[PDB]
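> Using only what follows, build the 3D model:
(chains A, B, C, D, E, F, G and H, ligands or ions: 8)
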Amino acid sequence: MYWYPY
Amino acid sequence: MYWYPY
Amino acid sequence: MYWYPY
Amino acid sequence: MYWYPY
Amino acid sequence: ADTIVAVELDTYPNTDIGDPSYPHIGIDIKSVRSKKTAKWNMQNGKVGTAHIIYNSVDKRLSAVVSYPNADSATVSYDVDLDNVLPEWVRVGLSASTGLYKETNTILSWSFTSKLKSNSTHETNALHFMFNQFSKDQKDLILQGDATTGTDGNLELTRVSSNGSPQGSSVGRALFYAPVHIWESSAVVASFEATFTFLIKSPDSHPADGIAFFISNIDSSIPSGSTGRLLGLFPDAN
Amino acid sequence: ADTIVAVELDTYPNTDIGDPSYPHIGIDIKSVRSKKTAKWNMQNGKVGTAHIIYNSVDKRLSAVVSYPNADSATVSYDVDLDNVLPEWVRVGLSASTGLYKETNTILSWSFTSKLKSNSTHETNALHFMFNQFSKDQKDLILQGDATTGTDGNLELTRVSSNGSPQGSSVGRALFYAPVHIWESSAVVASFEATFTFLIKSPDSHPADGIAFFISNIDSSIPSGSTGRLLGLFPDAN
Amino acid sequence: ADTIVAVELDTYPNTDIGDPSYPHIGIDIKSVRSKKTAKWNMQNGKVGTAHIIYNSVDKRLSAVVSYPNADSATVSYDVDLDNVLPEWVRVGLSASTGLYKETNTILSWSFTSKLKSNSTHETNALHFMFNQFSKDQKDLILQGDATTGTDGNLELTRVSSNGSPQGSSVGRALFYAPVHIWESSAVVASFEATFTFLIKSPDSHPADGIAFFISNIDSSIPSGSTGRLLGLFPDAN
Amino acid sequence: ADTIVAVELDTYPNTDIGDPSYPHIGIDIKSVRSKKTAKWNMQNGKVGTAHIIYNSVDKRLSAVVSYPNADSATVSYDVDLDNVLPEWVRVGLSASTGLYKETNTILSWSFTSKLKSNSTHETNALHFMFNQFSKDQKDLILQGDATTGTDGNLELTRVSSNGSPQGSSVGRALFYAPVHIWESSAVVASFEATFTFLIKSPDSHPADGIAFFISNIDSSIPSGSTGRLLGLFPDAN
Ligand SMILES: [Ca+2]
Ligand SMILES: [Ca+2]
Ligand SMILES: [Ca+2]
Ligand SMILES: [Ca+2]
Ligand SMILES: [Mn+2]
Ligand SMILES: [Mn+2]
Ligand SMILES: [Mn+2]
Ligand SMILES: [Mn+2]
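Residues are numbered from 1 along each chain as shown, chains lettered A, B, ... in the order given. Ligands and ions are numbered 1, 2, ... in the order given. Take a look at the structure below.
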């Protein structure tokens, strides 16, 4: 899950 | 609940 | 004794 | 000094 | 009224008010009817040790009672103390006897409270440790029949000269200084308590118990709280 | 192989190995893929403080990371450490950089471990506190690129003279003496750790992080554990 | 009258009452005329730290005052406190200003007292640590112009809104609970105190100072003890 | 050679090497011939407690030995340890028997060392506490005939199965981690040690004693240091 770094 | 003292 | 403040 | 054990 | 949070070492089973049918340790939150109990294999005449712990992160009040050479008893309860007790409180020990009796002797008592803020190296703390009590213990507030100095111990309930525990007795001991348990900037708050006790009774059915409690700074023994009410609660509700 | 239990302060999101897409704090139990994570609003250039706590009664490893004037981040995990780590362990700090970099500076580090037995007044304890480090810190085992004394601080990863963090760096610092975390007669076992760190990077994407860990006494940096592996794990499984 | 034992951080030289001609630290035993003094290179505007120590074995009250990056100042005095102070006392901080002024700000304060008896594992202890003060600090007795909460600090003397120290001001802060410094069964008794302060003045000649003191539990600010008398002594005898 | 600083609990009077003619406690600085001694009313079969204290400000090594219900014995010596011991040391306990014997049993041992620098809130510290010993005590370096685990105790000298102390025995126990006793930036350095022991002998003249010592990290039992040399010194000079 997740993929937008910061 | 319970009823036998010790 | 002493007398020159700082 | 000393000489009487205990 | 008085806000009470206590860990009770209940030696007498008052099944009519919720007590299981055996000596037990329980967590009381404003009511003598424990929110959680554990079976306690109490040993008449032996010196025991109770450890009470809690921290604002896990929000779980736990207690462990043990006797030398025996398996301990433990009881836990998930509760956020911030939602039950005021910012400033007082900690103490309470004990009582009713129709039945026992000695409620405390040999030592230690308490540590820490509040860690969101600052670098900022920690507010309080710690006291009594390994011997004096006849004039100025840093303790004695209530009821509690007295100090008898062989360097704290007698929460009346004991006659010949070492006999009196009935219908109630006494409490509170540490003199209020304790800060919550601060707006604290990220971690925690306390640990420990005490060794000697419960002794000439009868096969000792009563009523010892309880470590935390209350509003101005707490006093409720009228008629002898016996089963452990000097903490005014009624059994 | 090495048994690792670590609280990671992960500054770089490696989404392909399970990292959420943002800097975060997590609890790793033998795997770099945290069993639990929390969003961490990391502040490049600011000195932060992490508190790690656990006790054998609640069986919950918790961590709280904060920066002055900001809201803290917390993450907890119910785990019985007795079932994961050996009786004797070593505690330390680890850090790494890969293609991206940051400084992994430790200003202070404290650790306390207590084991309370079923005896009266019996407590085994160990506590160390470093508020300043020396060039010759004999009570620390330095591994990899870790060095001490640079302005009384511990640099876990390589930093050039001009104060620039080097990439592909890995370093660890372990306290010299083994730590006893379990004893057969213990009724309550607990540890608390705290450290202040300064993560600084000239880039908008610093990597890879700092981790407080507990391992078998003979732990060494796994080969190729630079970057995302934080100097703790040999692979990303 | 009040029994006073204090370690003074005297910023103003009142040569007519025995002060050396320079800011200095001294040990006062019932008199403002220090039994022993040491030259103190006081730094207007800098945060300093004072450590006070004593134990019943060596019978020597010592104090060490330091500022970051500077050499410390130390002063010692062989005195048996058992022969000067009562069994039960109260510890606190005091400060004043007169015709000249300065801020007498306390950022943190810690105190530890231990009494070890001739028993196995018997130690009575008290320890408190304030790293931040609140507007309602229930465990402190504020006297005179002392106030808490102003940026989490303790202001012993009046400071106006614009951050300006007022003259002819006196204030004291005592820990709420009495402290037991002597017990008949004690074989070793000792205390350690530490506090960080910030003395700041818009003038080239700040006055009058800060003092850590130990007194009878019922001590109050003597009338007219502003200025050179540091809020501790009624007169200069 | 090995730098030794020890507080000896000498049970046997070897008048030919300077021992007073009675059991006594003494302070040894690199020589078995104590620089200072005090009469010790040793009690065969009773558990005693020794407290050792020192701080860099007063520069006085003191020791207090006591038994329950008895008056304690004390001995002090003004010595600057910075001028005798290296920056890094190891602390331990040593014991021996020769032609005469006794058990040299340690029930508990605690040690605390603190170094306070000239910085705000900077304190380096180490503290360990053993209330029970295990058969595999990884954080202790056992030398000679010393063993652990026998009823959770530390036996410094050989004891046969039937509980009989063997003669010509020598053993030492050192804490695993080196101890930093001096730092360039320290303004106050101090250590406190405490241990409970049980010296027991079937004879009217037990020998030879127990000593708490501080030495260079690499210290080993000198050859032929059994008996009167307490496992610390190679000869009686
Ligand atoms: Ca009951
Ligand atoms: Ca990562
Ligand atoms: Ca003055
Ligand atoms: Ca001898
Ligand atoms: Mn109950
Ligand atoms: Mn991660
Ligand atoms: Mn003065
Ligand atoms: Mn000798």
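> Spatially nearest residue to residue E:86, not counting backbone neighbours?
Setting aside the residues directly before and after it, residue E:86 is nearest to residue E:216 in space (Cβ to Cβ, 6 or more residues apart in numbering or on different chains), at 5.7 Å. No exception for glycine: its C-beta is placed from N, CA and C like everyone else's.
> next one: residue E:57
Nearest to residue E:57 is residue F:62, by Cβ to Cβ, 6+ apart, at 4.7 Å.
> Contact partners for the residue nearest to residue E:86?
Each residue near residue E:216 by Cβ atoms under 8 Å, 6 or more residues apart in numbering or on different chains is listed here: E:2, E:3, E:85, E:86, E:89, E:90.
> Most neighbours of all those residues, which one?
Ranked by the number of neighbours (other Cβ atoms under 10 Å in any protein chain shown), those place residue E:89 first, at 25 neighbours.
> Quickly list what it is bridged to.
As for beta bridges, residue E:89 partners with residue E:179, residue E:216 under DSSP bridges.
> residue contacts, it?
E:178, E:179, E:181, E:214, E:215, E:216, E:217.
> just checking, residue E:1 touches residue E:235?
No: Residue E:1 sits out of contact with residue E:235 when judged by Cβ atoms under 8 Å, with a separation of 10.5 Å.
> Could I get the contacts of residue E:216 in TSV, plus columns for distance to residue H:208?
As requested, the contacts of residue E:216 are arranged in TSV below (distance: Cβ to Cβ, whole Å):
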residue	distance to residue H:208
E:2	61
E:3	61
E:85	58
E:86	61
E:89	55
E:90	53
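> Just want the residue of chain E that's nearest ligand 8.
Of all residues in chain E, residue E:131 sits closest to ligand 8, with a separation of 31.9 Å (Cβ to the ion).
> Setting aside sequence neighbours, what's the nearest residue to that residue?
The shortest distance from residue E:131 to any residue other than its chain neighbours is 4.0 Å, reached at residue G:122 (Cβ to Cβ, 6+ apart).
> Same check on residue E:183?
The spatial neighbour of residue E:183 that comes closest, neighbours along the chain excluded (Cβ to Cβ, 6+ apart), is residue E:115 at 5.0 Å.
> Against ligand 1, how distant is the residue nearest the centre of chain E?
Within chain E, the residue whose C-alpha comes closest to the C-alpha centroid is residue E:212; the distance, by Cα atoms, centre = their mean, is 1.1 Å. Applying Cβ to the ion, to the nearest Å, one obtains 16 Å for the distance of residue E:212 from ligand 1.
> That residue pairs with what?
According to DSSP bridges, the residues that bridge with residue E:212 are residue E:7, residue E:93.
> cool, residue E:141 as well?
When bridges are taken as DSSP bridges, the partners of residue E:141 come out as residue E:174.
> is the stretch of helix or strand residue E:154 belongs to up against chain H anywhere?
Secondary-structure assignment from DSSP states H and E places residue E:154 in strand E:153-155. No: contact of strand E:153-155 with chain H (Cβ under 8 Å from any Cβ of the partner chain) is absent, the minimum separation being 15.5 Å.
> coming back round to it: emit the PyMOL select command for whichever of the contacts of residue E:89 are buried.
Selection of buried members from these for PyMOL, criterion 16 or more other Cβ atoms under 10 Å in any protein chain shown:
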select buried, chain E and resi 178+179+181+214+215
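> I'd like the contacts of residue E:89 laid out as a markdown table, including distance to residue H:149.
Shown next, in a markdown table, are these (distance: Cβ to Cβ, whole Å):
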| residue | distance to residue H:149 |
| --- | --- |
| E:178 | 46 |
| E:179 | 40 |
| E:181 | 41 |
| E:214 | 40 |
| E:215 | 45 |
| E:216 | 49 |
| E:217 | 48 |
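> ok, the contacts of residue E:89 vs chain C, which is closest?
Proximity of these to chain C was ranked by Cβ to the nearest Cβ; the top entry is residue E:178 with 42.6 Å.
> quick one, what contacts the closest one?
Contact partners of residue E:178, counting by Cβ under 8 Å, 6+ apart, are E:88, E:89, E:90, E:217, G:138, G:139, G:176.
> mind redoing it with 6 Å?
If you count contacts by Cβ atoms under 6 Å, 6 or more residues apart in numbering or on different chains, residue E:178 has them with E:88, E:90, E:217, G:138, G:139.
> Now do it against residue E:2, distance only.
The gap separating residue E:178 from residue E:2 is 14 Å, by Cβ to Cβ, to the nearest Å.
> cool, residue E:222 as well?
The value you get for residue E:222 to residue E:2, if Cβ to Cβ is used, is 7 Å.
> can I assume residue E:16 sits in a strand?
No: assignment of residue E:16 by DSSP: H, G, I helix; E, B strand; the rest coil gives helix, placing it outside any strand.
> give me the number of residues near it?
Residues contacting residue E:16 under the criterion other Cβ under 10 Å number 9.
> Just give the nearest non-adjacent residue to residue E:1, would you?
Skipping the residues right next to it in sequence, residue E:1 comes nearest to residue E:234 by Cβ to Cβ, 6+ apart, at 7.2 Å.
> can you count the residues close to that neighbour?
Residues contacting residue E:234 under the criterion other Cβ under 10 Å number 15.
> sec struct for it, please.
coil.
> check contacts around residue E:131.
So, once contact is read as Cβ under 6 Å, 6+ apart, residue E:131 ends up touching E:108, G:122, G:123, G:124.
> now swap in residue E:179 and tell me
Residues in contact with residue E:179 (Cβ under 6 Å, 6+ apart) are E:89, E:91, E:113.
> beta partners for the last one?
Going back to what we said before, that points to residue E:113. In this structure, residue E:113 bridges to residue E:126, residue E:191 when assessed by DSSP bridges.
> List just the nearest of the contacts of residue E:89 to chain G.
Distance to chain G across those (Cβ to the nearest Cβ) is lowest for residue E:178, with 4.4 Å.
> picking up where we left off before, cross-check the contact I'm expecting between the residue nearest to residue E:1 and residue E:224.
No: Residue E:234 is not in contact with residue E:224 according to Cβ atoms under 6 Å; the separation is 7.1 Å.
> burial count for residue E:1?
By the other Cβ under 10 Å criterion, the neighbourhood of residue E:1 contains 9 residues.
> Regarding the residue in chain E that chain B sits nearest to, what is its secondary structure?
Proximity of chain E to chain B (Cβ to the nearest Cβ) peaks at residue E:21, 3.5 Å away. Classification of residue E:21 into helix, strand or coil gives coil, according to three-state DSSP.
> Contacts only, for it.
The contact partners of residue E:21, taken as Cβ under 6 Å, 6+ apart, are B:2, B:3, B:4, B:5, E:13, E:15.
> part of a strand, is residue E:54?
Yes: the secondary structure assignment for residue E:54 places it in a strand, going by three-state DSSP.
> Show me the beta-bridge partners of the residue nearest to it when sequence neighbours are not counted.
If the residues on either side of it in the chain are set aside, residue E:54 comes closest to residue E:61, at 4.6 Å by Cβ to Cβ, 6+ apart. Taking DSSP bridges, one obtains residue E:77 as the residues bridged to residue E:61.
> OK, contacts around residue E:61?
Each residue near residue E:61 by Cβ under 6 Å, 6+ apart is listed here: E:27, E:54, E:77, E:79.
> Contacts (any at all) between chain B and the host helix or strand of the first one?
So that's residue E:27. Taking DSSP H and E as the definition, residue E:27 sits inside strand E:24-29. No: using Cβ under 6 Å from any Cβ of the partner chain, strand E:24-29 stays clear of chain B, with a minimum separation of 9.6 Å.
> after that strand comes which helix or strand?
The next secondary structure element downstream of strand E:24-29 (using DSSP H and E) turns out to be strand E:36-39.
> by contact count, what packs against that following strand?
Taking 3 or more Cβ pairs under 6 Å, 6 or more residues apart in numbering or on different chains; DSSP states H and E as contact, the helices and strands that strand E:36-39 lies on are strand E:24-29, strand E:73-78.
> now, of these, which is deepest in the fold?
Comparing the helices and strands packed on strand E:36-39 by mean neighbour count (mean count of other Cβ atoms under 10 Å in any protein chain shown), strand E:24-29 comes out on top with a mean of 23.
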